[PDB]
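> Got a structure for you, questions after.
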Amino acid sequence: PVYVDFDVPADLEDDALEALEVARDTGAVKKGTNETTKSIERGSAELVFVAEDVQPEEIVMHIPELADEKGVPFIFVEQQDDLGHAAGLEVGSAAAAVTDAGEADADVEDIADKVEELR
Amino acid sequence: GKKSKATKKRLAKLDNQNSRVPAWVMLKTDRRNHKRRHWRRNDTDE
Amino acid sequence: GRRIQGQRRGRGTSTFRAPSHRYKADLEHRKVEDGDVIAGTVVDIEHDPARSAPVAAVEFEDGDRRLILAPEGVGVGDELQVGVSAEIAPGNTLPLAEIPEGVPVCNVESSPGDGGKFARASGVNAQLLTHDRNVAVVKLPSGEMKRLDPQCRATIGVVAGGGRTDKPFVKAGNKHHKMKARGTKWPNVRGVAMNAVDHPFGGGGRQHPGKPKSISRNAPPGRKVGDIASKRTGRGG
Amino acid sequence: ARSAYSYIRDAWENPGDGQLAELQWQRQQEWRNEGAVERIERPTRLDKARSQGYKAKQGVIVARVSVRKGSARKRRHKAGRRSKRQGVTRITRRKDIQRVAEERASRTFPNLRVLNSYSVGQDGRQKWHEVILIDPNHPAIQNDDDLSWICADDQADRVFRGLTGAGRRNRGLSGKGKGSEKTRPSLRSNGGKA
RNA sequence: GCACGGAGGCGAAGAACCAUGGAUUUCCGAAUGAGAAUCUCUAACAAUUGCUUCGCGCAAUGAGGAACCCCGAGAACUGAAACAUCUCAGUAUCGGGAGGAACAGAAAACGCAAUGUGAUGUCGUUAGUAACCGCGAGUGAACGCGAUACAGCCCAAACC
RNA sequence: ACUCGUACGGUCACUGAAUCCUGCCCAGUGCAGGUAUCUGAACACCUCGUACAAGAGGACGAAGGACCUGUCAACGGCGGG
RNA sequence: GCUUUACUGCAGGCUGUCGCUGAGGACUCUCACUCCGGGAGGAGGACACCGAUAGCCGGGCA
Ligand SMILES: [Cl-]
Ligand SMILES: [Cl-]
Ligand SMILES: [Cl-]
Ligand SMILES: [K+]
Ligand SMILES: [Mg+2]
Ligand SMILES: [Mg+2]
Ligand SMILES: [Mg+2]
Ligand SMILES: [Mg+2]
Ligand SMILES: [Mg+2]
Ligand SMILES: [Mg+2]
Ligand SMILES: [Mg+2]
Ligand SMILES: [Mg+2]
Ligand SMILES: [Mg+2]
Ligand SMILES: [Mg+2]
Ligand SMILES: [Mg+2]
Ligand SMILES: [Mg+2]
Ligand SMILES: [Mg+2]
Ligand SMILES: [Mg+2]
Ligand SMILES: [Mg+2]
Ligand SMILES: [Mg+2]
Ligand SMILES: [Mg+2]
Ligand code: NA
Ligand code: NA
Ligand code: NA
Ligand code: NA
Ligand code: NA
Ligand code: NA
Ligand code: NA
Ligand code: NA
Ligand code: NA
Ligand code: NA
Ligand code: NA
Ligand code: NA
Ligand code: NA
Ligand code: NA
């Protein structure tokens with residue numbers, strides 16, 4: 001809500017998660033907000049995921065601004081357990097990271113662009 | 001005044017304690033009920 | 001010093017409370033979703049122990065039966081209407097805006113929805129003077145010019161039982177009976193008749209208040225007796 | 001580099017600025033309609049929570065507690081009391097609002113014991129604090145090395161004995177030096193002079 | 001049984017008596033299905049929680065105890081030759097709670113200033129000293145030393 | 001609480017049925033209203049001062065008061081020459 | 001025990017100021033907060049309420 005400065009259509013969102021699944025099998029992904037946050041600082045990230053249904057918000061409020069001053073592209077996901085599940089987890093996840101994707105470095109790139117245009 | 005099944009038992013005990021010490025306990029101890037409660041002179045509880 | 005009688009009242013003991021359990025009902029207007037369709041019939045005319053004034057029993061269409069504040073001129077068999085498009089007949093309850101200027105009205109709402117507040121006692125009435133999209137100026141029985149939201153409902157006509165005050169009680173017995181049906185301590189012992197301990201005007205070798213009767217608004221309870229914040233007294237001048 | 005936690009901790013250093021302030025102004029609205037003792041599922045201040053003892057385990061409970069703002073709701077003396085003891089408005093309690101919160105909570109959850117507590121905002125007529133409680137009868141914690149001790153009998157109803165962290169702070173037992181003459185080892189064994 | 005009568009019975013199948021473990025153990029009582037001056041009415045962890053197969057399924061609290069202990073609330077007579085600060089006194093009394101003991105406790109310490117000591121209680125002393133006080137009445141420590149008993153530890157985060 | 005109440009009310013006081021009437025005084029005291037100017041605390045604002053602080057001073061100024069009016073079926077008064 | 005223009009206080013009332021508390025010496029607005037409404041919404045609006053402080057009054061009370 002407060003850190004969410006734009007709305008992401010359902011389909012585009014579906015595309016992100018589809019990619020996240022093959023990425024966890026081919027490249028590398030990071031689960032949980034701590035690991036994900038650390039990537040944005042180490043630079044080893046390419047695309048980040050942030051759930052919109054996070055309470056308390058504080059756990060995430062830092063992602064938008066932190067990723068923007070490091071160039072690293074991002075995206076808003078509705079559900080939590082969808083991101084959690086999508087990252088190959090049984091639980092849920094406030095945020096996951098795309099630390100070098102796999103078999104979708106093209107799709108990922110395009111997605112990161114559609115968002116850049118989505119403002 | 002009406003009473004309860006309970007009260008009616010209490011009154012009864014209160015009346016049994018009001019009997020004298022058996023003439024036989026007299027001889028066994030070789031020698032007085034300190035709790036003799038008259039109806040008019042004394043007052044029970046309740 | 002002991003607490004004065006005015007302070008005992010605040011506790012709300014039995015002696016001071018009103019005989020609620022004996023009372024009939026709180027006379028409020030009818031809540032209508034809208035339309036104004038609501039209409040009923042005057043079944044009977046009763047006496048409300050709480051206001052000494054009359055009261056009209058009414059039965060609506062949808063089955064509702066509720067006693068309402070009976071203005072003057074309503075009888076058994078008559079018809080009343082509640083809503084925006086209600087007819088301008090004595091007793092019909094509707095917002096101030098719909099009511100034509102210069103017509104006597106009673107049981108006026110202080111805020112729309114509350115169900116009435118002003119002009120309720122024996123033979124009184126308000127007076128609708130002005131109209132606007134924003135305001136509605138009413139003249140309350142005390143003479144004050146009350147500015148109101150034109151959306152506030154109000155009943156047309158004067159409150160029944162007019163002329164009660166006109167005839168004296170004649171005897172203590174009769175007053176006593178009136179007071180018993182109210183949350184008021186009666187009779188009343190003048191504070192000057194009490195002891196020094198019991199009230200500021202108490203004590204002394206004779207009956208007189210040692211302090212001047214008028215008193216400041218700012219005074220604490222326990223001393224706030226007599227002529228309160230009087231803007232003046234007497235009649236002379 | 002900096003952990004995700006360190007962000008939440010920093011944000012809370014000035015709860016009147018930025019996103020947190022926009023957050024406080026929101027929640028608080030929903031917080032004022034909520035009861036006194038409400039069990040929330042997750043700590044607002046995750047960092048502080050963890051840094052106090054928090055763990056995402058079975059038997060670890062958190063809860064927010066709202067208390068009226070103010071001074072001694074002290075009634076005036078009815079009998080004869082000299083000028084000095086004639087106070088009602090000014091004088092305040094010797095027990096801080098945070099500690100009052102811990103108790104209202106421990107009571108609400110009888111069987112649970114109080115780990116720690118922490119502030120989570122305040123408006124013009126109330127203050128909020130969250131509370132970490134633990135179920136000392138749950139095997140998870142009886143087996144957890146890091147919390148095990150809370151099960152000890154002599155830890156029962158600890159918040160009420162002032163054994164909290166917020167308790168010892170209120171009792172004037174912070175500094176092991178100057179000033180602690182009248183507080184260590186306890187207020188009662190020092191004749192209550194602090 | 002006390003309790004030494006009368007009648008009778010028990011004990012060598014080792015009674016009584018004592019020790020330890022066990023059985024039974026009415027109703028009220030924190031009293032808990034609900035109501036009640038110890039009884040009643042038609043299946044029960046009442047109430048609040050926790051885990052939860054989300055079913056009271058597994059559990060927790062409640063109340064007592066001579067005083068001691070811990071956190072809160074906190075007098076006045078009285079002393080000051082009156083009396084308001086002060087004193088009595090953080091005493092009496094009240095509220096909540098723990099154990100067999102409590103509490104405190106491994107320095108953001110001490111500051112015999114040092115090249116020095118090294119968790120915390122408690123005892124002795126320092127000392128009626130320093131400090132406070134209508135500078136009146138009165139209140140009144142610490143570091144240190146000498147002893148007792150000694151004991152040291154774990155998270156949070158970085159990095160996984 | 002008053003209040004299932006709404007000024008033809010309920011609160012607060014005095015006087016105490018009906019009848020005939022109830023004079024003069026607002027100086028003081030009280031309550032209420034106004035008030036150019038005068039008085040009037042603290043924060044913030046200024047200068048001074050202190051590498052900070054204590055503290056000295058400046059400006060502004062609320063209620064209240066001064067000042068004026070109202071008021072006695074308000075406390076109360078109704079003389080001497 | 002009672003009284004008062006006895007000494008010292010205290011509730012309480014009035015008042016400035018601080019926070020709650022936001023948008024563009026006089027003014028607009030709405031989002032906090034208030035009240036009414038069953039609701040939709042209506043009214044008030046950074047005021048009121050409440051916490052702190054300051055000055056005046058203050059036998060109602062000690
Ligand atoms: Cl009357
Ligand atoms: Cl506890
Ligand atoms: Cl040493
Ligand atoms: K004294
Ligand atoms: Mg009503
Ligand atoms: Mg009359
Ligand atoms: Mg009555
Ligand atoms: Mg009288
Ligand atoms: Mg008399
Ligand atoms: Mg008096
Ligand atoms: Mg007289
Ligand atoms: Mg008189
Ligand atoms: Mg029972
Ligand atoms: Mg004395
Ligand atoms: Mg004396
Ligand atoms: Mg001790
Ligand atoms: Mg002296
Ligand atoms: Mg002392
Ligand atoms: Mg020392
Ligand atoms: Mg309401
Ligand atoms: Mg006195
Ligand atoms: Na008898
Ligand atoms: Na008098
Ligand atoms: Na507890
Ligand atoms: Na102290
Ligand atoms: Na037994
Ligand atoms: Na149980
Ligand atoms: Na259950
Ligand atoms: Na003396
Ligand atoms: Na004396
Ligand atoms: Na030495
Ligand atoms: Na002194
Ligand atoms: Na005069
Ligand atoms: Na005058
Ligand atoms: Na006396």
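Labels for the structure tokens follow display order: chains A, B, ..., residues from 1 in each chain, ligands from 1.
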Taking only C-alpha atoms (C1' of nucleotides) and all ligand atoms into account, which residues are within 12 Å of ligand 31, as a list in words?
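After applying the 12 Å limit, what remains is residues 112, 116, 117, 126, 143, 144, 145 and 146 of chain E.
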> Please find the residues contacting ligand 10 at a distance of at most 6 Å between atoms, with only C-alpha atoms (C1' of nucleotides) and all ligand atoms counted, and report them as JSON, numbers by chain.
{"C": [197, 199, 200]}
> Write as a list in words the residues around ligand 29, taking 10 Å as the cut-off and counting only C-alpha atoms (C1' of nucleotides) and all ligand atoms.
residues 78, 79, 80, 81, 82 and 83 of chain E
> Any chance you could export the current selection's C-alpha atoms (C1' of nucleotides) as a PDB file, in the first residue's frame?

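Output saved as out00.pdb:
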ATOM      1  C1'   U E  78       3.531  11.534  67.899  1.00  0.00           C
ATOM      2  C1'   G E  79       8.725  14.428  67.878  1.00  0.00           C
ATOM      3  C1'   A E  80       9.949  19.463  66.573  1.00  0.00           C
ATOM      4  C1'   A E  81       8.235  21.084  73.969  1.00  0.00           C
ATOM      5  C1'   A E  82       2.860  25.552  69.212  1.00  0.00           C
ATOM      6  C1'   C E  83       3.081  24.569  64.033  1.00  0.00           C
TER       7        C E  83
END
> Let me make sure I understand: among D:26, D:164, D:92, D:14, which one has the smallest atom-to-atom distance to chain A if we use only C-alpha atoms?
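Looking only at the distances to chain A, the closest residue turns out to be D:26.
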> Report as an MDAnalysis selection string which protein, DNA and RNA residues come within 8 Å of ligand 18, using only C-alpha atoms (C1' of nucleotides) and all ligand atoms.
(chainID D and resid 193) or (chainID E and resid 89:90 139)
> Store the residues picked out above in a file with C-alpha atoms (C1' of nucleotides), as a PDB file, in the first residue's frame.

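Result file is result_13.pdb:
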ATOM      1  CA  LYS D 193      14.011   4.680  49.247  1.00  0.00           C
TER       2      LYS D 193
ATOM      3  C1'   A E  89       7.805   6.802  57.957  1.00  0.00           C
ATOM      4  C1'   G E  90       8.130   4.407  53.038  1.00  0.00           C
ATOM      5  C1'   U E 139      17.903  11.835  58.591  1.00  0.00           C
TER       6        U E 139
END
> Show me which residues are within 12 Å of ligand 26 counting only C-alpha atoms (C1' of nucleotides) and all ligand atoms, and format the list as a PDB file with C-alpha atoms (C1' of nucleotides), in the first residue's frame.

ATOM      1  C1'   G E  22      -1.318 -49.032  48.955  1.00  0.00           C
ATOM      2  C1'   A E  23      -7.045 -49.049  49.281  1.00  0.00           C
ATOM      3  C1'   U E  24     -11.381 -46.606  50.619  1.00  0.00           C
ATOM      4  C1'   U E  25     -11.967 -41.686  51.265  1.00  0.00           C
TER       5        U E  25
END
> Which chains and residue numbers are within 12 Å of ligand 35, counting only C-alpha atoms (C1' of nucleotides) and all ligand atoms, if I want them as an MDAnalysis selection string?
(chainID C and resid 1 197) or (chainID G and resid 1:2)
> What does the file look like for those residues with C-alpha atoms (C1' of nucleotides), as a PDB file, in the first residue's frame?

ATOM      1  CA  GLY C   1     -19.227  20.646  56.220  1.00  0.00           C
ATOM      2  CA  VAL C 197     -23.009  22.828  58.431  1.00  0.00           C
TER       3      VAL C 197
ATOM      4  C1'   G G   1     -17.753  21.166  65.116  1.00  0.00           C
ATOM      5  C1'   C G   2     -18.606  25.580  62.723  1.00  0.00           C
TER       6        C G   2
END
> For region 105-119 of chain A, find every residue with an atom within 9 Å (counting only C-alpha atoms (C1' of nucleotides)), except residues of its own chain fewer than 4 positions away, and show them as a list in words.
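Final neighbour list, sorted by chain and number: residues 5, 6, 7, 8, 12, 15, 16, 19, 20, 23, 46, 47, 73, 74, 75, 100 and 101 of chain A.
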> Could you take the residues named above and write them with N, CA and C atoms, as a CSV table (one decimal), in the first residue's frame?

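What follows is the written file selection25.csv:
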chain,number,residue,atom,x,y,z
A,5,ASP,N,3.7,1.9,-5.2
A,5,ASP,CA,3.4,3.1,-5.9
A,5,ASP,C,2.8,2.9,-7.3
A,6,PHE,N,2.5,1.7,-7.6
A,6,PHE,CA,1.9,1.3,-8.9
A,6,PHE,C,1.2,0.0,-8.9
A,7,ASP,N,0.2,-0.2,-9.8
A,7,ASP,CA,-0.5,-1.5,-9.8
A,7,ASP,C,0.0,-2.3,-11.0
A,8,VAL,N,0.1,-3.6,-10.7
A,8,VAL,CA,0.6,-4.6,-11.6
A,8,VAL,C,-0.5,-5.5,-12.1
A,12,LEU,N,0.6,-10.0,-16.3
A,12,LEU,CA,2.0,-9.6,-16.2
A,12,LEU,C,2.5,-10.3,-15.0
A,15,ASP,N,3.1,-14.0,-15.5
A,15,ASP,CA,4.3,-14.2,-16.2
A,15,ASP,C,5.6,-14.2,-15.3
A,16,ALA,N,5.6,-13.3,-14.4
A,16,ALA,CA,6.7,-13.2,-13.4
A,16,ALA,C,6.9,-14.4,-12.6
A,19,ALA,N,8.2,-17.5,-14.7
A,19,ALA,CA,9.6,-17.4,-14.9
A,19,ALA,C,10.4,-17.8,-13.6
A,20,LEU,N,9.8,-17.3,-12.5
A,20,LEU,CA,10.5,-17.6,-11.2
A,20,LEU,C,10.6,-19.1,-10.9
A,23,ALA,N,13.4,-20.5,-13.1
A,23,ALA,CA,14.6,-19.9,-12.6
A,23,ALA,C,15.1,-20.6,-11.4
A,46,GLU,N,19.0,-9.5,-10.2
A,46,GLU,CA,18.5,-9.0,-11.5
A,46,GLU,C,17.1,-8.6,-11.4
A,47,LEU,N,16.2,-9.3,-10.7
A,47,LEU,CA,14.8,-9.0,-10.6
A,47,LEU,C,14.3,-9.4,-9.2
A,73,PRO,N,15.9,-3.8,-11.0
A,73,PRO,CA,14.4,-3.8,-11.3
A,73,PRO,C,13.6,-4.6,-10.3
A,74,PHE,N,12.3,-4.2,-10.1
A,74,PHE,CA,11.4,-4.9,-9.1
A,74,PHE,C,10.0,-5.1,-9.6
A,75,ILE,N,9.2,-5.8,-8.8
A,75,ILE,CA,7.8,-6.1,-9.2
A,75,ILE,C,6.9,-6.4,-8.0
A,100,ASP,N,20.6,-14.2,-11.0
A,100,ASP,CA,21.0,-14.9,-12.2
A,100,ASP,C,19.9,-16.0,-12.6
A,101,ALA,N,18.9,-15.6,-13.4
A,101,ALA,CA,17.9,-16.5,-13.8
A,101,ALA,C,18.4,-17.7,-14.6
> Which residues sit within 10 Å of ligand 6, counting only C-alpha atoms (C1' of nucleotides) and all ligand atoms, listed as number ranges by chain?
C: 165-166, 168-169
> Quick one: residues within 12 Å of residue 42 (chain E), only C-alpha atoms (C1' of nucleotides), excluding same-chain residues fewer than 5 positions away - as a PDB file with N, CA and C atoms (P, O5', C5', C4', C3', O3' and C1' of nucleotides), in the first residue's frame?

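Saved the output as out.pdb:
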ATOM      1  P     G E  33     -18.379 -28.776  36.316  1.00  0.00           P
ATOM      2  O5'   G E  33     -19.318 -27.671  35.664  1.00  0.00           O
ATOM      3  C5'   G E  33     -19.138 -27.250  34.306  1.00  0.00           C
ATOM      4  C4'   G E  33     -20.485 -27.036  33.680  1.00  0.00           C
ATOM      5  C3'   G E  33     -21.341 -26.073  34.469  1.00  0.00           C
ATOM      6  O3'   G E  33     -21.085 -24.750  34.056  1.00  0.00           O
ATOM      7  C1'   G E  33     -22.571 -28.033  34.071  1.00  0.00           C
ATOM      8  P     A E  34     -21.285 -23.557  35.096  1.00  0.00           P
ATOM      9  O5'   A E  34     -22.838 -23.625  35.437  1.00  0.00           O
ATOM     10  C5'   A E  34     -23.822 -23.263  34.462  1.00  0.00           C
ATOM     11  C4'   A E  34     -25.198 -23.406  35.049  1.00  0.00           C
ATOM     12  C3'   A E  34     -25.389 -22.796  36.427  1.00  0.00           C
ATOM     13  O3'   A E  34     -25.604 -21.390  36.360  1.00  0.00           O
ATOM     14  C1'   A E  34     -26.346 -24.945  36.384  1.00  0.00           C
ATOM     15  P     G E  35     -25.163 -20.454  37.594  1.00  0.00           P
ATOM     16  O5'   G E  35     -26.162 -20.847  38.775  1.00  0.00           O
ATOM     17  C5'   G E  35     -27.443 -20.214  38.863  1.00  0.00           C
ATOM     18  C4'   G E  35     -28.332 -20.934  39.841  1.00  0.00           C
ATOM     19  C3'   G E  35     -28.002 -20.858  41.320  1.00  0.00           C
ATOM     20  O3'   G E  35     -28.482 -19.660  41.884  1.00  0.00           O
ATOM     21  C1'   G E  35     -28.625 -23.045  40.778  1.00  0.00           C
TER      22        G E  35
END
> Contacts of residue 57 (chain G) at 9 Å or less, counting only C-alpha atoms (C1' of nucleotides), minus same-chain residues fewer than 4 places along, as a list in words?
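These residues fall inside the cut-off: residues 218 and 219 of chain C; 64 of chain F; 13 and 14 of chain G.
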> Please tabulate, as a Markdown table, the residues of chain A that come within 12 Å of chain E, each with its closest pair of atoms and the distance in Å to one decimal, counting only C-alpha atoms (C1' of nucleotides) and ordering rows by chain, then residue number upward.

| residue | atom | partner | partner_atom | distance |
| --- | --- | --- | --- | --- |
| A:34 | CA | E:157 | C1' | 11.8 |
| A:35 | CA | E:160 | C1' | 10.7 |
| A:38 | CA | E:158 | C1' | 11.5 |
> Select the residues contacting ligand 5 at a distance of at most 12 Å, based on only C-alpha atoms (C1' of nucleotides) and all ligand atoms, then format the selection as a list in words.
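Listing the residues within 12 Å of ligand 5 gives residues 20, 23, 24, 25, 26, 27, 28, 29, 50, 51, 68, 69, 107, 114, 115, 116, 117, 118 and 120 of chain C; 3, 4, 5 and 6 of chain F.
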> Can you pull out the residues contacting region 38-45 of chain B? Cut-off 12 Å, using only C-alpha atoms (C1' of nucleotides), and skip same-chain residues under 4 positions away; I want them as an MDAnalysis selection string.
(chainID B and resid 7 10:15 17:19) or (chainID E and resid 37)
> According to DSSP computed on the backbone, where in chain B is there helix (DSSP H, G or I)? Give the residues as a PyMOL selection string.
chain B and resi 7-16+23-29
> Keeping N, CA and C atoms, export the residues of the selection given above as a PDB file, in the first residue's frame.

ATOM      1  N   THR B   7     -31.093 -27.703  56.897  1.00  0.00           N
ATOM      2  CA  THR B   7     -31.336 -27.065  58.188  1.00  0.00           C
ATOM      3  C   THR B   7     -31.963 -28.081  59.150  1.00  0.00           C
ATOM      4  N   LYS B   8     -32.897 -28.848  58.610  1.00  0.00           N
ATOM      5  CA  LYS B   8     -33.586 -29.839  59.384  1.00  0.00           C
ATOM      6  C   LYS B   8     -32.624 -30.898  59.928  1.00  0.00           C
ATOM      7  N   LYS B   9     -31.485 -31.080  59.269  1.00  0.00           N
ATOM      8  CA  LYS B   9     -30.509 -32.051  59.747  1.00  0.00           C
ATOM      9  C   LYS B   9     -29.664 -31.404  60.832  1.00  0.00           C
ATOM     10  N   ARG B  10     -29.271 -30.155  60.585  1.00  0.00           N
ATOM     11  CA  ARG B  10     -28.460 -29.387  61.524  1.00  0.00           C
ATOM     12  C   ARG B  10     -29.176 -29.285  62.850  1.00  0.00           C
ATOM     13  N   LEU B  11     -30.473 -28.991  62.789  1.00  0.00           N
ATOM     14  CA  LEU B  11     -31.277 -28.865  63.992  1.00  0.00           C
ATOM     15  C   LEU B  11     -31.279 -30.167  64.755  1.00  0.00           C
ATOM     16  N   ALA B  12     -31.344 -31.250  63.999  1.00  0.00           N
ATOM     17  CA  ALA B  12     -31.369 -32.573  64.571  1.00  0.00           C
ATOM     18  C   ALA B  12     -30.073 -32.913  65.291  1.00  0.00           C
ATOM     19  N   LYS B  13     -28.938 -32.606  64.670  1.00  0.00           N
ATOM     20  CA  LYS B  13     -27.656 -32.898  65.297  1.00  0.00           C
ATOM     21  C   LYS B  13     -27.617 -32.087  66.562  1.00  0.00           C
ATOM     22  N   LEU B  14     -27.948 -30.812  66.408  1.00  0.00           N
ATOM     23  CA  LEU B  14     -27.964 -29.872  67.514  1.00  0.00           C
ATOM     24  C   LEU B  14     -28.781 -30.366  68.687  1.00  0.00           C
ATOM     25  N   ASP B  15     -29.739 -31.237  68.401  1.00  0.00           N
ATOM     26  CA  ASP B  15     -30.577 -31.773  69.449  1.00  0.00           C
ATOM     27  C   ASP B  15     -29.978 -33.039  70.057  1.00  0.00           C
ATOM     28  N   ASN B  16     -29.245 -33.789  69.249  1.00  0.00           N
ATOM     29  CA  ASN B  16     -28.639 -35.004  69.744  1.00  0.00           C
ATOM     30  C   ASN B  16     -27.466 -34.669  70.662  1.00  0.00           C
ATOM     31  N   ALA B  23     -24.523 -42.675  81.742  1.00  0.00           N
ATOM     32  CA  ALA B  23     -24.209 -43.079  83.103  1.00  0.00           C
ATOM     33  C   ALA B  23     -23.058 -44.071  83.163  1.00  0.00           C
ATOM     34  N   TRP B  24     -22.824 -44.776  82.057  1.00  0.00           N
ATOM     35  CA  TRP B  24     -21.744 -45.748  82.007  1.00  0.00           C
ATOM     36  C   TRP B  24     -20.363 -45.108  81.793  1.00  0.00           C
ATOM     37  N   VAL B  25     -20.282 -44.026  81.020  1.00  0.00           N
ATOM     38  CA  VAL B  25     -18.991 -43.367  80.810  1.00  0.00           C
ATOM     39  C   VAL B  25     -18.513 -42.870  82.167  1.00  0.00           C
ATOM     40  N   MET B  26     -19.473 -42.631  83.053  1.00  0.00           N
ATOM     41  CA  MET B  26     -19.190 -42.172  84.403  1.00  0.00           C
ATOM     42  C   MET B  26     -18.233 -43.140  85.101  1.00  0.00           C
ATOM     43  N   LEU B  27     -18.649 -44.404  85.163  1.00  0.00           N
ATOM     44  CA  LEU B  27     -17.899 -45.490  85.807  1.00  0.00           C
ATOM     45  C   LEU B  27     -16.586 -45.852  85.119  1.00  0.00           C
ATOM     46  N   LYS B  28     -16.557 -45.705  83.797  1.00  0.00           N
ATOM     47  CA  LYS B  28     -15.370 -46.020  83.019  1.00  0.00           C
ATOM     48  C   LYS B  28     -14.267 -44.990  83.260  1.00  0.00           C
ATOM     49  N   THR B  29     -14.642 -43.727  83.424  1.00  0.00           N
ATOM     50  CA  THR B  29     -13.646 -42.692  83.664  1.00  0.00           C
ATOM     51  C   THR B  29     -13.399 -42.527  85.151  1.00  0.00           C
TER      52      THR B  29
END
> As a PyMOL selection string, could you give me every residue of chain E near chain B (at most 6 Å apart, counting only C-alpha atoms (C1' of nucleotides))?
chain E and resi 3-5
> Store the residues picked out above in a file with N, CA and C atoms (P, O5', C5', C4', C3', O3' and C1' of nucleotides), as a PDB file, in the first residue's frame.

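Output contents, as saved in part.pdb:
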ATOM      1  P     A E   3      -7.783 -41.654  80.114  1.00  0.00           P
ATOM      2  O5'   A E   3      -8.875 -42.806  80.011  1.00  0.00           O
ATOM      3  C5'   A E   3      -9.450 -43.412  81.185  1.00  0.00           C
ATOM      4  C4'   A E   3     -10.629 -44.255  80.777  1.00  0.00           C
ATOM      5  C3'   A E   3     -10.360 -45.068  79.516  1.00  0.00           C
ATOM      6  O3'   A E   3     -11.126 -46.265  79.543  1.00  0.00           O
ATOM      7  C1'   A E   3     -12.123 -43.571  79.098  1.00  0.00           C
ATOM      8  P     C E   4     -10.385 -47.683  79.661  1.00  0.00           P
ATOM      9  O5'   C E   4     -10.345 -47.934  81.233  1.00  0.00           O
ATOM     10  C5'   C E   4      -9.922 -49.195  81.749  1.00  0.00           C
ATOM     11  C4'   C E   4     -10.223 -49.294  83.222  1.00  0.00           C
ATOM     12  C3'   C E   4     -11.681 -49.132  83.660  1.00  0.00           C
ATOM     13  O3'   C E   4     -11.978 -50.067  84.685  1.00  0.00           O
ATOM     14  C1'   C E   4     -10.291 -47.680  84.893  1.00  0.00           C
ATOM     15  P     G E   5     -12.956 -51.305  84.376  1.00  0.00           P
ATOM     16  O5'   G E   5     -14.352 -50.885  85.016  1.00  0.00           O
ATOM     17  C5'   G E   5     -15.200 -49.930  84.350  1.00  0.00           C
ATOM     18  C4'   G E   5     -16.656 -50.157  84.706  1.00  0.00           C
ATOM     19  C3'   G E   5     -17.244 -51.497  84.273  1.00  0.00           C
ATOM     20  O3'   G E   5     -17.204 -52.432  85.347  1.00  0.00           O
ATOM     21  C1'   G E   5     -18.435 -49.758  83.242  1.00  0.00           C
TER      22        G E   5
END
